[PDB]
Structure formats: C-alpha cells, structure tokens
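>
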Amino acid sequence: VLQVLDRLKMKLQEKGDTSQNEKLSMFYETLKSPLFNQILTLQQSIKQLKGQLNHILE
Amino acid sequence: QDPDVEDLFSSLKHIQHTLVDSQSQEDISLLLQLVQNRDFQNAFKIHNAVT
C-alpha cells in the first residue's frame, strides 16, 4: 500500500529521522512502476498455470 | 542473498526499531511481510536486473 509508505515517511520526518526518505520513495516508485506491475501480473499468471499443472498430476 | 532485497529489508527493520506507535508497528509489519513474500521478491529482482 502506497498509503502505508506515505504515512511512515511522514512519521519519520516528525521524529527528525530522514535516513529513509530516499529509500522509501524509491520503494514507492518501484511499486508504482509500469514495468514492475507488468512483471507481477505475468508471474502470477505463470504461477497459476503451474498450479493447474500440479493439479492435473494426480 | 540479493543485495537489493537485503538493503530494503534492513531499511524496514530500522523503521520498525524507531517508530514505536501502534499503527507504524502494524504498517511496517505488513511491509516486512510483503518484502519477505517470494512472489514480490521474484518480481523485484527481475525488475532491478532489467533497470
């Protein structure tokens, strides 16, 4: 959830801890990334086909 | 061990050991689970290896 990442970044700011500003933003951008979303979606599809196979095998 | 996974996992553990309020503890716990998930990791590694 992007809301979680966003809230954590703000709570850290409030404490005076900015050691994770960049890390969180990068994590954030990756999760929102078109390439990342295409890869996730496709891997889940391949995962389902493999599960269908395993099922077939008794 | 994937250095990118570990770098992100470490960052999350730092947050967990810093923010002590209840919501933050629950939020971070969820993010640690996500980062620990094999499906997330497979997509994460592949994404990074291509960029």
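Just so you know, the sequences run in chain order A and C.
Taking PDB author numbering, I'd label the letters of the first sequence as residues 12 to 69.
Taking PDB author numbering, I'd label the letters of the second sequence as residues 120 to 170.
C-beta: ideal position from N, C-alpha, C; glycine also.
Is any beta-carbon of chain C found at less than 8 Å from that of A/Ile50?
What you label residue 50 of chain A is simply residue 39 of the first sequence in a count that begins at 1. True, the Cβ-Cβ gap to chain C drops below 8 Å.
> Any residues in the segment 18-45 of chain A with a beta carbon nearer than 8 Å to a beta carbon of chain C? Which ones, in chain order?
Going along the segment 18-45 of chain A in chain order, one finds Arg18, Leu19, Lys22, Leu23, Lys26, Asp28, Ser30, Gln31, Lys34, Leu35, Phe38, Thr41 and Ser44 with a Cβ nearer than 8 Å to chain C.
> Give me the residue from C/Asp121, C/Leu131 and C/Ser148 with the minimum Cα distance to A/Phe38.
Walking along the first sequence from the start, residue 38 of chain A turns up at place 27. Checked all of C/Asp121, C/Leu131 and C/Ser148; the closest Cα to A/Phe38 is C/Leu131.
> Taking all protein chains shown into account, decide if C/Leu127 is buried (16 or more other Cβ within 10 angstroms of its Cβ) or exposed.
Position 8 of the second sequence, counted from the start, is the residue given in the question as residue 127 of chain C. Its Cβ being crowded by 16 or more others within 10 Å, C/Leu127 is buried.
> Against chain C, does A/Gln63 count as a neighbour if the rule is that its beta carbon must be under 8 Å from one of theirs?
Indexing the first sequence from 1 puts residue 63 of chain A at position 52. Closer than 8 Å: no.
> So, using beta-carbon positions, are C/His166 and A/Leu46 closer together than 8 Å?
Along the second sequence, one-based indexing puts residue 166 of chain C at 47. Along the first sequence, one-based indexing puts residue 46 of chain A at 35. Yes.
> Would C/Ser141 pass as an interface residue toward chain A - the criterion being a Cβ-Cβ separation below 8 Å?
By one-based count along the second sequence, residue 141 of chain C stands at place 22. Closer than 8 Å: no.
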